[PDB]
Amino acid sequence: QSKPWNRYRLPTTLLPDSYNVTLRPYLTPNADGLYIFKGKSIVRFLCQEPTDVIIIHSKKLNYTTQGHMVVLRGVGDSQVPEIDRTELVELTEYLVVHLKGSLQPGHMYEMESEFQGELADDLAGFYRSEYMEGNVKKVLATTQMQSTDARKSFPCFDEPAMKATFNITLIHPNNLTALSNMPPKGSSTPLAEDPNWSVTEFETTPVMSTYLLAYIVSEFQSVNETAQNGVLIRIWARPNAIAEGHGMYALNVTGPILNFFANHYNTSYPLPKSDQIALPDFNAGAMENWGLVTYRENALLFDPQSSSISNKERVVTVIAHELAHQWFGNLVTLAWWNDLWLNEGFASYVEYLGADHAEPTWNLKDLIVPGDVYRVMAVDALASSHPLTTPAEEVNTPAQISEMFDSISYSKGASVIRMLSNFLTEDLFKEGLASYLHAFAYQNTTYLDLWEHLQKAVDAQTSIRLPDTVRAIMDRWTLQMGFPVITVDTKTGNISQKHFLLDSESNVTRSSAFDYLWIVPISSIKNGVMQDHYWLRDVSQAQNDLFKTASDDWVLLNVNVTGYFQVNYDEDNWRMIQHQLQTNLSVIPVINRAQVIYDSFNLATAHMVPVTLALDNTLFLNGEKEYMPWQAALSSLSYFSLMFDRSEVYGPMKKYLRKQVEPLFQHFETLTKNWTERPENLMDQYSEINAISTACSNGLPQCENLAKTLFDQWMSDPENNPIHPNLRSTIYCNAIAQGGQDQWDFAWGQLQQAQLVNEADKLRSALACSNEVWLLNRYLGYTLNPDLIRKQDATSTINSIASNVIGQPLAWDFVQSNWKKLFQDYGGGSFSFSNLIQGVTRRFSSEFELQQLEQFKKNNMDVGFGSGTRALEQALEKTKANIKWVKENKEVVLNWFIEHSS
Ligand SMILES: *[C@@H]1O[C@H](CO)[C@@H](O[C@@H]2O[C@H](CO)[C@@H](O[C@@H]3O[C@H](CO)[C@@H](O)[C@H](O)[C@H]3NC(C)=O)[C@H](O)[C@H]2NC(C)=O)[C@H](O)[C@H]1NC(C)=O
Ligand SMILES: *[C@@H]1O[C@H](CO)[C@@H](O[C@@H]2O[C@H](CO)[C@@H](O[C@@H]3O[C@H](CO)[C@@H](O)[C@H](O)[C@H]3NC(C)=O)[C@H](O)[C@H]2NC(C)=O)[C@H](O)[C@H]1NC(C)=O
Ligand SMILES: *[C@@H]1O[C@H](CO)[C@@H](O[C@@H]2O[C@H](CO)[C@@H](O[C@@H]3O[C@H](CO)[C@@H](O)[C@H](O)[C@H]3NC(C)=O)[C@H](O)[C@H]2NC(C)=O)[C@H](O)[C@H]1NC(C)=O
Ligand SMILES: *[C@@H]1O[C@H](CO)[C@@H](O[C@@H]2O[C@H](CO)[C@@H](O)[C@H](O)[C@H]2NC(C)=O)[C@H](O)[C@H]1NC(C)=O
Ligand SMILES: *[C@@H]1O[C@H](CO)[C@@H](O[C@@H]2O[C@H](CO)[C@@H](O)[C@H](O)[C@H]2NC(C)=O)[C@H](O)[C@H]1NC(C)=O
Ligand SMILES: *[C@@H]1O[C@H](CO)[C@@H](O[C@@H]2O[C@H](CO)[C@@H](O)[C@H](O)[C@H]2NC(C)=O)[C@H](O)[C@H]1NC(C)=O
Ligand SMILES: *[C@@H]1O[C@H](CO)[C@@H](O[C@@H]2O[C@H](CO)[C@@H](O)[C@H](O)[C@H]2NC(C)=O)[C@H](O)[C@H]1NC(C)=O
Ligand SMILES: *[C@@H]1O[C@H](CO)[C@@H](O[C@@H]2O[C@H](CO)[C@@H](O)[C@H](O)[C@H]2NC(C)=O)[C@H](O)[C@H]1NC(C)=O
Ligand SMILES: *[C@@H]1O[C@H](CO)[C@@H](O[C@@H]2O[C@H](CO)[C@@H](O)[C@H](O)[C@H]2NC(C)=O)[C@H](O)[C@H]1NC(C)=O
Ligand SMILES: *[C@@H]1O[C@H](CO)[C@@H](O)[C@H](O)[C@H]1NC(C)=O
Ligand SMILES: *[C@@H]1O[C@H](CO)[C@@H](O)[C@H](O)[C@H]1NC(C)=O
Ligand SMILES: CC[C@H](C)[C@H](N)C(=O)O
Ligand SMILES: [Zn+2]
């Protein structure tokens with residue numbers, strides 16, 4: 001055997017019943033500058049199988065328990081063996097209690113300990129967060145257990161399936177508020193040893209996982225509402241934030257979201273209250289702790305005076321996301337981290353459903369397509385991708401567990417679940433989902449359990465018919481990586497699938513059980529009329545008259561891109577879609593108008609259509625009003641801009657884009673009443689934002705005039721910003737671009753005296769838009785000055801300067817030169833040499849720039865690269881790729897743009 005304390009997974013011989021946990025953070029340093037917390041815990045557990053060893057998680061805890069590190073008692077009239085010794089095994093993060101005899105099956109035991117650890121500013125376990133309020137540095141105590149950090153706060157059986165009830169007490173300064181998962185039992189009472197402290201006890205949690213515990217000590221205040229069923233809702237934030245009203249939007253949407261989900265899941269919200277809390281600089285973004293959800297401030301707070309519509313969208317969807325988890329994930333918990341994708345994928349999908357309930361005029365459900373589908377297809381169309389599923393026995397270490405939290409798990413998980421709900425129909429999906437939640441409430445599952453309950457719902461009805469079982473179908477989408485391109489020859493109705501890769505020369509080495517064949521749900525529209533639904537079975541090719549066209553007719557597959565795949569056609573069918581898009585675009589769903597664009601640029605990249613065909617798919621845009629298709633274009637073209645914006649190709653590119661966007665600019669000019677009022681709904685606001693951005697950055701004089709007029713206006717009356725927050729990033733940037741040191745120095749002043757992050761970020765990025773070398777160089781001169789630019793903003797600012805075509809050589813020169821600064825900043829704080837390198841080499845696309853990158857790397861002797869060592873190799877490979885892509889494409893692209901710009 002090996003010794004069980006040297007294995008990463010816990011024994012199954014002992015299961016927890018319940019914990020008492022008392023934590024006391026010391027928010028004042030011990031004057032060698034160390035912040036600590038103290039804790040006491042008791043865990044009651046049940047012996048399942050005889051064992052003479054107790055193994056429990058512990059991380060970075062010092063034990064001050066009297067005697068051994070624990071005290072062990074029997075519950076009721078159980079005898080307990082004597083402890084031999086207690087030891088800490090750091091590698092597997094264990095406290096290990098060796099006993100002189102065995103525990104006995106069916107008996108319960110109580111294990112008591114006393115302990116302390118650092119209250120570090122490290123965003124892990126029970127930790128400190130420091131922030132400014134006026135003159136004073138404030139410090140609060142808060143938690144982040146996700147994934148394996150509960151054990152950093154108190155000793156516990158720290159695996160998601162080993163659920164228990166938790167009785168939490170905080171000992172805290174008596175003028176601070178204490179929060180946890182559950183409401184407080186009553187009023188706080190003074191600590192007898194020192195009445196300057198108070199004692200807050202919380203009601204017993206339900207049976208729950210350790211990674212979902214939270215407790216917070218702070219000066220925060222709240223806005224409150226009581227839902228009609230007496231569920232108390234509160235948004236917590238800094239006193240000044242609450243006083244400004246920044247908590248109101250979150251409060252507004254929370255009640256509707258919770259209502260939606262309780263109905264959606266057919267399951268009552270399982271707790272007496274919902275707290276949500278805005279934390280300054282919470283780098284983890286948001287965390288779904290049961291009854292006490294934590295957010296970074298800009299994820300929860302909203303200022304109507306400065307915040308844009310996209311800020312508003314981020315808040316409502318992040319809230320819907322976290323709140324989804326309060327049933328799916330928290331009430332029913334995946335047994336192990338290898339199934340993380342199901343949990344995060346599910347929430348990443350239903351976040352749109354919940355938010356759509358809160359904001360039902362916004363069409364938010366559409367945003368999953370650009371937001372998750374195409375986003376993850378970019379990485380899932382690579383040889384280096386991976387399956388959704390991972391065998392449980394391969395996910396053991398805390399590092400391995402961490403690697404589960406990626407794009408695939410969230411965005412593809414979301415995409416494939418959305419696919420699943422769509423082929424089942426939502427009503428059927430909901431039935432199976434309620435069945436699953438009711439059967440497994442307060443317990444743990446695998447994805448197989450969800451498939452089973454969905455199968456049950458399918459089996460219980462006669463109307464939806466599938467080509468195989470729910471499991472066999474989803475096995476194709478979960479056990480193998482990637483996704484198919486579906487190619488339709490419309491002359492015959494032949495239809496094929498192959499594994500899609502952006503690099504047509506890629507060697508795939510990861511094998512599939514299914515030889516990279518899928519079972520594929522295929523919806524289709526013909527001449528703008530929905531056709532019967534079709535399933536592509538697990539074959540390379542098939543035929544169906546559904547996909548056979550006449551010479552005037554067209555067909556279009558994957559309505560609303562509900563299916564996780566991309567579609568190619570014969571050129572004839574492509575041209576018919578094109579003619580349709582030019583003559584009456586309304587016949588084709590707006591999501592598909594985007595699809596045509598998204599897919600065809602990926603297909604061109606993969607050498608499956610010519611690049612000119614993808615470009616042809618943008619021609620219809622001069623009469624396109626809607627957000628998504630334009631966004632598809634701008635997303636697909638930003639690489640073209642990156643490659644060509646210093647070349648002869650650029651002028652015709654700009655001209656062409658000016659041509660395309662001018663009518664949209666005109667359209668919004670009227671709709672908005674000389675730009676005085678925004679469009680009403682979110683999609684049209686987004687379209688306006690993009691139209692103005694596109695117009696201005698391509699040098700449409702009317703947009704240039706608008707941007708100079710408004711920024712002139714703001715400058716002559718600084719306390720009244722005339723520029724709507726939606727339009728700010730463009731109007732700032734374009735105006736600093738047309739302007740000199742007057743405009744620059746003014747925005748600089750405004751950046752220094754800004755109070756709000758979102759607004760500081762927009763000024764910082766706009767300042768990089770100057771066309772004066774001397775301003776950009778001076779500005780770079782500031783980025784290393786922490787008095788003028790925060791370190792966490794430095795590499796970002798340098799990238800923004802690199803982004804500017806004039807700034808490219810300035811940034812690149814500046815990085816090379818002060819690279820001698822890994823040794824101040826792999827020192828003082830992290831930095832992200834990796835993001836810096838990517839941003840500043842992003843453009844490189846010639847042999848000459850590759851020689852420079854190689855010549856740069858030749859400072860290998862010492863210094864090195866730190867967290868960008870990998871990133872510098874990724875730069876030399878991406879340049880090689882860019883060199884190749886520019887030779888293959890430059891001529892063809894030049895002549896297209898010339899020929900289509902008039
Ligand atoms: C985990 O925490 C629980 C809450 O502290 C403990 O349960 C509490 O035990 C208390 C004392 O042991 C009881 O409070 C009072 O104590 C006096 C002492 O003189 C007793 O007479 C009274 O029974 C009691 N007073 C009242 C008004 O009940 C509580 O009864 C009890 N709290 C409960 C049950 O909610 C657990 O013992 C502790 N677990 C372990 C394993 O130590
Ligand atoms: C958990 O226990 C740890 C092990 O005892 C503590 O870590 C030790 O902290 C010591 C003091 O805080 C450090 O030792 C020396 O401290 C004196 C004065 O404090 C200084 O003169 C010395 O410069 C310093 N020694 C050195 C070699 O730097 C140690 O850094 C450290 N010892 C070890 C073995 O890590 C933790 O502080 C303790 N944590 C909590 C939260 O209680
Ligand atoms: C939380 O929900 C509240 C109620 O749904 C929203 O309150 C609405 O705020 C609107 C924007 O401030 C107000 O609209 C208009 O405000 C201007 C201010 O001068 C007035 O001219 C208009 O008369 C007024 N609108 C109407 C339709 O009369 C609404 O007055 C106000 N609605 C209510 C019921 O009070 C909050 O906006 C919302 N909070 C956030 C941050 O979104
Ligand atoms: C945490 O508190 C709860 C509830 O106050 C305790 O639950 C009690 O458990 C005792 C001992 O098993 C039972 O006799 C009572 O019936 C329980 N009360 C309720 C309302 O469930 C629980 O034991 C505490 N946990 C620990 C570790 O002490
Ligand atoms: C809670 O009590 C503490 C201690 O009296 C207050 O903390 C002091 O606040 C002043 C500013 O008003 C600082 O200059 C001191 O350094 C603070 N002392 C410590 C030990 O940090 C605190 O302001 C009170 N907070 C609330 C919300 O009432
Ligand atoms: C969960 O869904 C079930 C099934 O729709 C709900 O039960 C139905 O509720 C409607 C509401 O008036 C009744 O007309 C039906 O007769 C009920 N059917 C059954 C089988 O009871 C139930 O209300 C939902 N529960 C929750 C907590 O949302
Ligand atoms: C993990 O979840 C399973 C269910 O998926 C739990 O097993 C169930 O336990 C309950 C309560 O004891 C019983 O009603 C069921 O018969 C069990 N179902 C089984 C064994 O398939 C299991 O207890 C959970 N694991 C842990 C460690 O709590
Ligand atoms: C559509 O599919 C059919 C195959 O199902 C193709 O027709 C076959 O082509 C081979 C060529 O050697 C013949 O031997 C078979 O007898 C043909 N089958 C028939 C006529 O039923 C056809 O090429 C495909 N069309 C495409 C891909 O455009
Ligand atoms: C494709 O997506 C569009 C939305 O982009 C869907 O149209 C929505 O349909 C729902 C219910 O049918 C309406 O309540 C919405 O108001 C519609 N929005 C718009 C802007 O039309 C359409 O149903 C989807 N098509 C299919 C076949 O699923
Ligand atoms: C893939 O293998 C073939 C060998 O037949 C080779 O031509 C090609 O260069 C290899 N790799 C890539 C990434 O293209
Ligand atoms: C656009 O197509 C729809 C499809 O029925 C049709 O009703 C409408 O008349 C068309 N619009 C125009 C301007 O012809
Ligand atoms: C700290 C946040 C964690 C990772 C949470 N589960 C999320 O996905 O947002
Ligand atoms: Zn999540």
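Just so you know, these numbers use all the heavy atoms, side chains as well, and skip hydrogens, waters and symmetry mates. Along the sequence shown, residues are numbered consecutively beginning with 1. First listed ligand is number 1; within each ligand, the first listed atom is number 1.
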Closer than 4.0 Å: a protein non-hydrogen atom to atom 22 (C) of ligand 8
yes
Could you list which atoms of ligand 2 come closer than 4.0 Å to a heavy atom of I36?
41 (C)
Is atom 11 (C) of ligand 2 touching the protein, meaning some protein heavy atom lies under 4.0 Å away?
no
Do the side-chain N and O atoms of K548 and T492 include a donor-acceptor pair separated by under 3.5 angstrom?
no
Paired with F346, the ring-ring contact (aromatic ring centres under 6.0 Å, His included) test is passed by just one of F328, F261, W341, namely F328
Tell me which protein heavy atom sits closest to atom 37 (O) of ligand 2, plus the residue, atom name and distance to 0.1 Å.
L34 CD2, 4.2 Å
Ligand 2 N/O within reach of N62 N/O, cut-off under 3.5 Å
yes
Run the numbers for me: atoms of ligand 8, each under 4.0 Å from some heavy atom of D489, listed by number.
26 (C), 28 (O)
Could you tell me whether the side chain of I577 reaches within less than 4.5 Å of the side chain of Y569, counting heavy atoms only?
yes
Nearest heavy-atom neighbours spanning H57 and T92
CD2-O, 3.9 Å
Given the protein's heavy atoms, is any one of them under 4.0 Å from atom 39 (N) of ligand 2?
yes
Between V332, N444, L10, which one has a non-hydrogen atom sitting closest to atom 1 (C) of ligand 7?
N444
Nearest-neighbour protein heavy atom for atom 19 (O) of ligand 2, which is reported as residue plus atom name and distance:
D32 OD2, 4.7 Å
Look only at interatomic distance and state if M162 has a nitrogen or oxygen under 3.5 Å from any nitrogen or oxygen of ligand 7.
no
Please indicate whether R44 has more than 12 foreign heavy atoms, meaning atoms of other residues, nucleotides or ligands, lying under 6.0 Å from its CZ.
yes
Atom 42 (O) of ligand 2: which protein heavy atom is closest, and how many Å away?
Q116 NE2, 2.9 Å
Within the side chain of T51, is there an N or O that forms a donor-acceptor pair under 3.5 Å with the backbone of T13?
no
Flag: protein heavy atom within less than 4.0 Å of atom 7 (O) of ligand 8:
no
Using a distance threshold of 4.0 Å (strictly less than), state whether atom 25 (N) of ligand 8 has a protein heavy-atom neighbour.
yes
Determine if the distance from atom 11 (C) of ligand 8 to the closest protein heavy atom is below 4.0 Å.
no
Using a strict cut-off of 4.0 Å, indicate which atoms of ligand 7 neighbour a heavy atom of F440.
5 (O)
Under the 6.0 Å and 45° cation-pi test, does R575 pair with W554?
no
So, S153 versus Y215: side-chain donor-acceptor pair below 3.5 Å or not?
yes
Ignoring hydrogens and angles, state whether a donor on the side chain of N338 or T390 is under 3.5 Å from an acceptor on the partner side chain.
no
Considering only protein heavy atoms, determine whether one is less than 4.0 Å from atom 25 (N) of ligand 2.
no
For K138, is there an ion pair with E130 - N to carboxylate O distance below 4.0 angstrom?
no
Below 3.5 angstrom, do we get any N/O pair linking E118 and ligand 2?
no
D475 side chain to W451 side chain, donor-acceptor N/O pair below 3.5 angstrom
no
Can you find a protein heavy atom closer to atom 19 (C) of ligand 8 than 4.0 Å?
no
Which residue and non-hydrogen atom of the protein lie closest to atom 14 (O) of ligand 7, and at what distance in Å?
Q443 OE1, 4.8 Å
I need the nearest protein heavy-atom contact for atom 27 (C) of ligand 7: residue, atom name and distance, please.
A161 O, 3.6 Å
Can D553 and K526 be counted as an ion pair, charged N to O under 4.0 angstrom?
no
Between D572 and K491 (salt bridge meaning N to carboxylate O under 4.0 Å), is one present in this structure?
yes
Could you tell me whether atom 16 (O) of ligand 8 has at least one protein heavy atom nearer than 4.0 Å?
no
Does the protein put any heavy atom within less than 4.0 Å of atom 4 (C) of ligand 8?
no
Hey, is atom 3 (C) of ligand 2 under 4.0 Å from any protein heavy atom?
yes
Answer yes when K60 and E118 have at least one side-chain N-carboxylate O distance shorter than 4.0 Å, and no when they do not.
no
Can you tell which of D570, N494, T490 gets a heavy atom nearest to atom 2 (O) of ligand 8?
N494
Check: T478 main-chain N/O paired with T389 side-chain donor or acceptor under 3.5 Å:
yes
Among all protein heavy atoms, pick the one closest to atom 41 (C) of ligand 2 and tell me residue, atom and distance.
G117 C, 3.3 Å
